[PDB]
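Only one structure is covered here, and it is reproduced in the block below.
Each chain gets a letter, A, B and so on, in the order its sequence line appears, and its residues count up from 1. Heavy-atom basis, side chains included; hydrogens, waters and symmetry copies ignored.
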Amino acid sequence: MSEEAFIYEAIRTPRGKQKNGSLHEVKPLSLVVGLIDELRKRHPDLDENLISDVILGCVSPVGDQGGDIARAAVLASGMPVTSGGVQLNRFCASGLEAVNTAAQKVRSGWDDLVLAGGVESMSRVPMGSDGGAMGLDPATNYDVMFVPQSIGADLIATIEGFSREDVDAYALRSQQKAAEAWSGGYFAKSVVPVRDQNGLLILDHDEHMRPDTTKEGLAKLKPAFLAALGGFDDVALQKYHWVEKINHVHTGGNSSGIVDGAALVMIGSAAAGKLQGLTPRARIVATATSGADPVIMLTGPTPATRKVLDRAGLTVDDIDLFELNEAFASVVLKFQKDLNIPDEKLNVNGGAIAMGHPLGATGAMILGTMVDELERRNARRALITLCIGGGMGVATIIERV
Amino acid sequence: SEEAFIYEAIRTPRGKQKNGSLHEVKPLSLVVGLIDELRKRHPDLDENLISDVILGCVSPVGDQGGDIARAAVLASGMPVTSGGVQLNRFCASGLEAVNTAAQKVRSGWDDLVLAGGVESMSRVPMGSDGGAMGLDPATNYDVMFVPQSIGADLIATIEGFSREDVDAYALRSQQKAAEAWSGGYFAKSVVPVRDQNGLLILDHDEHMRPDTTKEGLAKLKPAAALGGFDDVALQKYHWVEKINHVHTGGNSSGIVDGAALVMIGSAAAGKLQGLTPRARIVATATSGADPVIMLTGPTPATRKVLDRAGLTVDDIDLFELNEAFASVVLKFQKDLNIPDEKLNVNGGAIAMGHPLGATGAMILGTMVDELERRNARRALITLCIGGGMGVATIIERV
Amino acid sequence: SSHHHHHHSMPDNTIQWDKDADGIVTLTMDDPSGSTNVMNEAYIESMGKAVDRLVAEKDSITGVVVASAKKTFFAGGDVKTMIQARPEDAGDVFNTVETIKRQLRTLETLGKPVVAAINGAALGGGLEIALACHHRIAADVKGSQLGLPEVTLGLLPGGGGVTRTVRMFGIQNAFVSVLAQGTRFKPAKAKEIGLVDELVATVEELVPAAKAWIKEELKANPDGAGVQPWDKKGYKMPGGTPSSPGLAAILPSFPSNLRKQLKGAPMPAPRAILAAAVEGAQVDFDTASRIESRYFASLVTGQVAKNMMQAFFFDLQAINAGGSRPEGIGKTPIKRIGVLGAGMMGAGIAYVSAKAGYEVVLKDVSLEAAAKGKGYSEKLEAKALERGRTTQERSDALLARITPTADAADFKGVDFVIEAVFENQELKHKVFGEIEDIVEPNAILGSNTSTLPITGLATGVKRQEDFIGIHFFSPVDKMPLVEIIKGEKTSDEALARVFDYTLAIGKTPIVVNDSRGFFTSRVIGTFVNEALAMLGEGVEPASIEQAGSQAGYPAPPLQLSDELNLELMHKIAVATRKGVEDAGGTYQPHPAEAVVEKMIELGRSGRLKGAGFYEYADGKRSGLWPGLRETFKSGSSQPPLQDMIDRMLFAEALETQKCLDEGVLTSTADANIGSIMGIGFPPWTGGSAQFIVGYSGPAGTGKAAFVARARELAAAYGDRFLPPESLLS
C-alpha cells in the first residue's frame with residue numbers, strides 16, 4: 001500500500017476471427033513478442049534490466065500456450081534473463097488479474113517495473129483444451145452444479161426480464177460503437193498491426209466486427225447450439241427451483257466472439273518511470289476480487305465493483321467510464337440495472353460482441369481501451385470489470401494522470 | 001503499508017512416482033484435504049474474509065487444468081467470493097504463490113489469502129502441457145533449449161564437484177530427512193492423506209531411502225536428455241571440453257505427488273479471526289541467470305532479496321534451497337559461503353521429492369516450523385527454475 | 001497380496017476341481033449350503049485355494065473352464081453381511097472386495113485361456129467372475145439372465161464389474177447400457193452387446209465347447225492366449241480415455257445428464273458408479289480396480305444402500321415367498337377372466353391378463369366402448385411390434401384372447417371377475433348384480449376400487465366369501481403392484497387365489513385389511529395434500545413441483561393431482577367429514593381441502609375436465625396455469641426446499657405408521673414395496689416404513705432422528721406432523 005502503481009503503456013493486437021481468421025497462422029507466442037517489440041520501438045533507450053517481471057493471463061495454457069508462455073516471451077524477445085515470466089489463469093478475468101497483480105507487486109515495493117497482459121489464440125488452442133479439474137471429475141462436477149456460461153446468461157435474462165429484442169438491441173449498440181471508435185481513429189495508436197517475419201501485414205483491424213448489423217439480421221439468428229448437449233437446463237432449474245422455464249435468448253450475434261489476440265501493459269512506480277523517462281498515463285486506484293453463485297456463473301461483476309468502489313472511497317457517480325466485458329448481452333444489462341449505470345458511460349467504444357473476447361488477453365485489452373478513452377475525453381476515472389467462470393468477479397479503478 | 005504474516009503452513013506427504021500411494025488420488029483431492037485440515041484447526045474462522053486462493057501448478061492440464069485453485073474453492077464448499085487463481089513459474093510456482101499472496105496483502109487490497117501449490121506428477125507428468133520453448137523449433141533453436149540435468153552436470157564440471165561430492169550431499173539429505181521425521185519435526189505440518197471412507201492412503205514421505213549408503217549411491221548410472229543436448233550446451237560454454245555427467249536418480253530430486261497450503265494475512269485480518277502469527281514475510285525477489293545452464297538463478301535472487309531486506313548471509317539462521325540436483329545446492333553454498341549446518345537442515349527433495357508446483361510452498365512451511373522448533377530468527381527460502389529464473393523469500397519468526 | 005481373508009491362526013468348500021488329460025482345469029462352482037452360488041465367505045476361501053492351486057500347478061495347466069453345478073451360473077453377493085456394515089467396517093468391506101478382485105486378477109493373468117461356461121443366470125458377482133474370463137459361452141436357455149444389477153440394491157459392481165465393462169465398452173456405453181440401471185439381459189441380447197461371445201442351444205454343450213475353444217485358441221493364437229485386450233501393448237479404450245479430445249468434449253455433460261435423469265434425487269449409487277468409471281479410465285487396471293473398491297465401500301457403509309438392500313432384497317424376497325399369503329391353501333387355476341369397464345383401468349387389466357395367457361371377456365355398456373377398450377391393447381402391441389419385442393404370431397394370439405362385449409350373458413364360464421367401473425357404491429352393486437348369477441359359482445368377484453370399503457361393496461353380492469378388492473394402478477401395463485384388500489367377509493381361500501393371479505400376471509402383491517383409502521390411496525393422499533397446502537400457503541408452484549421430483553417421486557405432485565382428479569379428492573374429503581360428523585365428533589379439515597374446493601369453483605378440477613394446475617391442449621400437458629400465481633399469491637411464502645421435500649415424505653411415512661398401528665398393513669415389507677410400487681415412493685428411501693428407521697438428515701440418522709425432524713416440521717407447519725405414540729420412547 002506504499003508505492004503508487006502507474007500505467008505507462010497499454011497496447012494490443014487486432015483480434016483475428018475464429019473461422020478462416022487472419023491470426024490463425026500466427027503462434028500465440030509471436031503475438032506477445034510483436035507487442036514487446038512495439039514497446040521497444042516506442043522506448044528504444046529503456047533499460048530492460050529494470051523490468052523485474054512479465055505476467056501473462058492465459059486461460060488454456062496448453063500446446064502453443066503451455067510451458068509458461070510469459071517466460072517464453074521473455075527469452076524469445078531477447079529480454080534480459082532477470083525479467084521473470086509467470087503465467088496465470090483466473091478464467092475470463094486473467095488479463096485484468098495480471099495487471100492487478102502487477103500493480104500489487106509495485107505497491108508492495110518489491111518490484112519496480114512489470115509487463116502485464118495476456119494472450120489467447122482460441123483458433124489454435126480452443127476453450128476447454130486444458131481439460132479441467134472440475135470436468136474430469138464426475139464426483140466434483142456432480143456436487144458443484146457445473147453449468148456452461150450461456151445457460152447462466154439465459155437464466156439472468158429470464159429472471160430480470162430481458163427479452164430477445166432487449167439483448168439484440170444491446171448487440172446492435174456494441175457493433176455501432178465499435179465501428180464509431182474505429183472510424184474516429186480512437187484505436188489508431190493502441191492497436192498494433194500484426195506482421196510476419198518479413199514485415200508483411202497479416203492483420204490491422206478487428207475482423208470479427210460486423211458494422212452493418214441490423215435489428216432484423218439479429219432477429220433471424222438461432223439460440224446457442226457444451227450447449228445442445230442435454231442436462232444443463234434441468235440442472236440449473238434444480239438450484240433455481242422457483243423458475244419454471246429458461247428463456248434462451250443468447251445467440252452468436254449477442255454473445256462475445258471467439259477470437260485470437262494479445263495485450264500488453266507496462267506498470268511501474270513513479271520513480272521507475274521517471275528513471276526511464278516514461279510518461280504515466282493513469283494510476284491504479286484500487287482493485288477487488290469478489291464472487292457470486294457458480295451456477296448462474298456470471299453475476300460476479302456486481303459485488304466486485306461494489307467492493308472496489310467502497311475500497312477507493314467512491315460511488316457510481318464518481319466514475320466517468322464503465323467498462324464491462326461483453327461475454328453475454330444480459331450480463332451487461334444486469335450489471336447496468338443493478339447499479340443504475342447511465343447508457344452513455346457503459347462500454348462506450350464497443351465490446352466483445354463486436355470485437356471478440358480472446359479469453360486471457362481481454363482484461364488487459366479493455367483496460368487499455370479505457371486508458372485511451374479517458375485521455376481522449378479528458379475524463380478522470382474509469383472502472384473496468386469482467387464476469388468469470390466459477391462465479392468469480394474482478395474489478396479495477398483507474399484515474400487519468 | 002501492511003505487513004504480511006504466515007498463520008498456517010501445511011502439506012501432504014509426498015507420494016512416489018512408481019507404484020506410489022497417491023497415484024490413485026486426484027490433485028484436486030490433495031488440495032481439498034488440506035483445506036479441510038485448516039478448517040479443523042480453526043472451525044470458527046470466517047471464510048468470507050478469505051479473498052483469494054493462489055495455487056502454483058507447473059502442468060495445468062487434464063486433472064490439473066481449468067484453474068484448479070477455483071475448483072478447490074468450489075469443491076471444498078468455500079465461499080463463492082474466495083477467488084481461485086492458478087499460476088506457473090515452473091519450479092518456483094509454490095513460492096511464487098506465497099510471495100504473490102504476501103504482495104497482495106501488503107497492497108492493502110486483499111485481507112486474507114490462501115496460497116500454495118499442487119503437482120501430481122504420476123498422473124500429469126512434466127511436459128504434459130507442451131510449450132513453445134520446447135516444442136516450437138524457431139524459438140527452441142534460438143533460446144538454446146537444454147534439459148536441466150545437463151545444466152546441473154555442467155555446473156559440477158565447471159565448479160569441480162566430483163561424483164563423490166554430489167553423492168556425499170545426497171547421503172546427507174537422506175540422513176537429515178530421516179532425522180527430521182524420527183525427531184517428530186514434521187508431525188504437525190504433514191497431513192496424512194485419506195480416502196472417502198477415512199481409510200489411510202499415505203502418512204509419510206514414500207520417496208525417502210533412510211538406509212542409503214555411499215557405496216550404493218556409487219553403483220547408480222548417470223541420467224529426456226537423450227540426443228544432441230550436450231553439444232548444444234558446449235556451443236555456449238565453449239571453454240569446457242567435456243561435461244562430466246555426475247547426476248543420477250540418487251542425487252537428483254525425486255518425481256513425486258503432493259500439495260501444500262499457506263494462510264497469509266495482515267495483522268488486523270489475523271487478529272479479527274483470533275489467529276496467531278507464526279512468521280512475517282520480510283522480503284521477496286525474483287531474478288535470473290543464463291537459461292542454457294538454467295539452474296544458477298538462486299544466487300542473484302538471494303543476493304537481491306538480502307539487499308532488499310538490508311541483510312547479509314550472517315543475519316540468516318537457516319537457508320533452504322530446493323534440491324533439484326546436488327550440484328545446484330553445492331554451487332549456491334560455494335558462491336554465498338553458506339555454513340553447512342545452516343543449509344537444508346531437515347533434508348530436501350533428493351530424499352523427499354520435488355512435486356513441482358507445490359515444492360516452494362512445502363519448503364517454506366518446513367522453514368516456518370524449523371525456526372519455531374529452534375527458536376531461531378530468520379530463514380531464507382529459494383529455488384532454481386526452468387528458463388534460468390530464480391525466486392527468493394526471507395521470513396522472520398514471530 | 002494373499003488370495004485369502006486371513007493370514008493368522010473354517011468355511012465349506014464350494015469349488016470342484018478337475019484336471020483333464022490335456023491339462024484343462026474345470027472349476028465347477030457348487031455351494032453345498034444353497035441352490036445358488038453366491039459371492040460369500042465360503043466362495044472367497046474356496047476360490048482362494050483354487051487360484052493358489054492354479055498357480056502352483058501352472059506347468060501342467062493349459063487352460064481353465066469356470067462352470068457351475070446349479071440351475072443358475074452364479075448370482076449375487078453376501079447381502080446379509082453387506083447390510084450390517086457400519087462406517088467403522090469400511091476397512092473390512094474394502095479388504096473383502098480387494099481380495100475378491102485379487103483372485104479374479106490372477107485367474108485373468110494366468111498366461112492361459114479361461115472360459116466361462118454360463119449354464120444359467122449370471123448376475124452381479126456372477127457376471128463379474130465371468131468377465132474375468134477371456135471368453136464367455138452361454139447356454140441360450142429359458143429364464144437365463146446376464147447383468148450387473150447391484151445399483152438396484154444401492155450398491156455398485158465392486159468385484160471388477162465397473163472396471164472391466166468400462167475396459168470392454170468404454171465409459172459411456174458401459175455406464176448407459178450396463179451399469180447405471182443394472183439392466184438384465186437375455187443370452188441373445190448379452191451376445192449382441194458383447195457381454196457374451198458365443199451361444200449354445202443346451203447346457204450339456206457348454207463345457208465341451210469351452211474345452212474346444214481353449215484347444216483352438218492355443219493353436220491359432222499362442223502369443224495372445226489368456227490376454228485380455230486391456231493387457232495388450234496397443235490397447236485403446238472404445239470411445240477413448242478422458243484425455244482423448246473426442247470424449248473430453250462430451251465428458252463434463254455426463255454428470256449433468258445423470259442429474260437430469262435422476263431429477264436431483266439423493267440416490268448416491270449412480271454418481272459413485274460414474275466417478276469410479278471415469279477415474280478408473282484415467283489409470284492402469286490395478287489402480288482403477290482399487291478406486292472401484294473405495295467407491296463400493298462408500299456405498300455399502302452408507303444409509304441409502306441399507307434402505308435399498310432392505311426393500312429390494314429382503315422385503316421383495318419375503319413378499320415373493322408368500323409372506324402375506326394365508327398358509328394351508330392350495331391352488332385353483334383360472335380359465336376365463338371377465339373385466340367390467342373398458343376405461344384405462346379395465347383396458348389395462350384386460351391387457352395384462354391376456355399377455356399372461358388368459359382368455360378375457362371385456363364388457364362395457366356398449367360394444368363401441370368395449371372395442372375401444374381392446375384398442376388400448378392393440379396400440380400397446382403395435383408399439384411393441386415396431387420395437388421388435390414380440391412377433392406378429394404372438395401378438396395376434398394375445399389380442400384374440402380378448403373378447404369385447406356389451407352383453408352380460410357373455411360372462412358365461414367366467415371364473416374370475418375384475419370390476420373397474422366408476423367410483424360409486426350403488427353402481428358397483430348394480431354392475432355385480434347383473435353378473436353374479438351368470439358367472440361360475442366359484443368365481444372370484446374382484447373390485448378395482450380406490451377408496452370405497454370392500455365390506456360395503458360385498459353386500460351387493462350373494463357369495464360375499466368370494467368378494468375381494470383387487471386394486472390395480474394406472475397405467476396397468478407398467479405399474480407392478482396389486483393391492484389385495486380383505487373384506488370382513490372375504491375368505492382366506494379368496495385371498496390366495498388373487499395372490500396367485502397377481503404372480504401369474506407378473507405383478508407384486510400386498511395384502512391389506514379393509515379400511516377406506518386402504519393403504520395406497522390413503523397414503524398417496526397425504527403426499528398430494530401437502531403439495532396443495534403449500535400452494536395455499538403461497539409457495540411457488542414451480543418450487544412445489546421441483547420439490548416433488550427432487551424428493552424422488554416419478555411425477556411431481558400438482559401434475560399427479562390433475563390425474564387423480566380433484567372431484568375425486570373432494571368426495572374423499574366429503575366422506576371422511578361425514579364419518580366424523582355422524583359420530584358426533586368435530587371434523588378437522590386438511591388445509592389442502594380449501595385449495596381443492598377453490599380449483600373446483602374455478603372450473604379447473606383436473607386433466608379429465610381439460611384444466612387443472614396445468615394447461616392441456618391436443619391431449620398433451622402444456623405447462624403450469626399462469627393464473628395460479630395470482631390465485632394463491634405465489635412467492636409470498638418461501639420455505640427451504642428441504643422443508644418442502646420433507647413435508648411430502650414425512651406425511652406419507654407418518655401415515656404408513658398409522659396404517660401399521662391400525663392393522664391395515666400386517667408387515668413393513670408390504671408397506672415398503674407397496675409404497676414403492678403402488679404410489680411411487682422414492683426407491684432410495686427403501687419405502688415409507690423404512691424411511692422412519694433409516695431416516696438421514698443434518699441432525700443424525702435413525703428412528704430418533706426421524707422423530708426429531710417430525711417434531712421440527714410440526715412446530716413450523718402444524719400438528720399433523722407430530723409422530724404417533726408407536727414411534728416414541
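Proximity to chain A (any heavy atom under 4.5 Å) is shown, for B:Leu55, by neither the backbone nor the side chain. Neither the backbone nor the side chain of B:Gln196 comes within less than 4.5 Å of any heavy atom of chain A. Looking at A:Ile69, neither its backbone nor its side chain comes within 4.5 Å of chain B, counting heavy atoms on both sides. Contacts between B:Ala75 and chain A at a heavy-atom distance below 4.5 Å involve backbone atoms as well as side-chain atoms. Contacts between B:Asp52 and chain A at a heavy-atom distance below 4.5 Å involve the side chain alone, from C-beta outward.
Ranked by non-hydrogen atom pairs under 4.5 Å with chain B, the options A:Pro61, A:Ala286, A:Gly391 are led by A:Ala286. The most heavy-atom pairs under 4.5 Å with chain A, out of B:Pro291, B:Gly84, B:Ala285, come from B:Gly84. The candidate with the highest count of non-hydrogen atom pairs below 4.5 Å against chain B, out of A:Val59, A:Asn100, A:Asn89, A:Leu75, is A:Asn89. Heavy-atom pairs under 4.5 Å with chain A peak, among B:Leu28, B:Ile385, B:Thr284, B:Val143, at B:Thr284. Contact count versus chain A (heavy atoms, under 4.5 Å) is highest, among B:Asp67, B:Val61, B:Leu87, B:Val32, for B:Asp67.
Looking at heavy atoms from C-beta onward, B:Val146 lies out of side-chain contact with B:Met294 at the 4.5 angstrom threshold. Residues B:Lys104 and B:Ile54 are in side-chain contact: their nearest non-hydrogen atoms beyond the backbone lie under 4.5 Å apart. Side-chain contact between A:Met392 and A:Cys387 is absent, with no heavy-atom pair separated by less than 4.5 Å. Using a 4.5 Å heavy-atom threshold, the side chains of B:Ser51 and A:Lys307 count as touching. You'll find the side chain of B:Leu30 reaches within 4.5 Å of the side chain of B:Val25, heavy atoms only. Here the side chains of A:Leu309 and A:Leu383 are in contact, with some heavy-atom distance below 4.5 Å. Between B:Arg280 and B:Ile395, every side-chain heavy-atom pair lies at or beyond the 4.5 Å cut-off. Looking at B:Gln86 and A:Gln87, their side chains come closer than 4.5 Å, going by heavy atoms from C-beta outward.
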Show, in sequence, the C-alpha distance, side-chain angles and deciding distance for A:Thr289 and A:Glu97, and conclude whether the side chain to side chain contact (heavy atoms under 4.5 Å, CB included) test is met.
CA-CA 9 Å; A:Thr289 306; A:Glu97 184 53 47; 4.1 Å; yes

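Within the 3.5 Å criterion, the main-chain N or O of B:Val73 finds a donor-acceptor partner in the side chain of B:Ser76. A donor-acceptor contact shorter than 3.5 Å links the side chain of A:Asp130 to the backbone of B:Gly66.
Of all residues in residues 110-121 of chain A, those placing a non-hydrogen atom less than 4.5 angstrom from a non-hydrogen atom of chain B are A:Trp110, A:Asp111. Contacts from residues 131-143 of chain A to chain B, taken as heavy-atom pairs separated by less than 4.5 Å, involve A:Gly131, A:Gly132, A:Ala133, A:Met134, A:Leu136, A:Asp137, A:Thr140 in sequence order.
Across all their heavy atoms, A:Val235 and A:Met145 have their closest contact at O-CE, 3.4 Å. A:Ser290 approaches A:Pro303 most closely through the heavy-atom pair OG-CB, 3.5 Å.
A salt bridge links A:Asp64 to A:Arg124: one of the charged nitrogens lies within less than 4.0 Å of a carboxylate oxygen.
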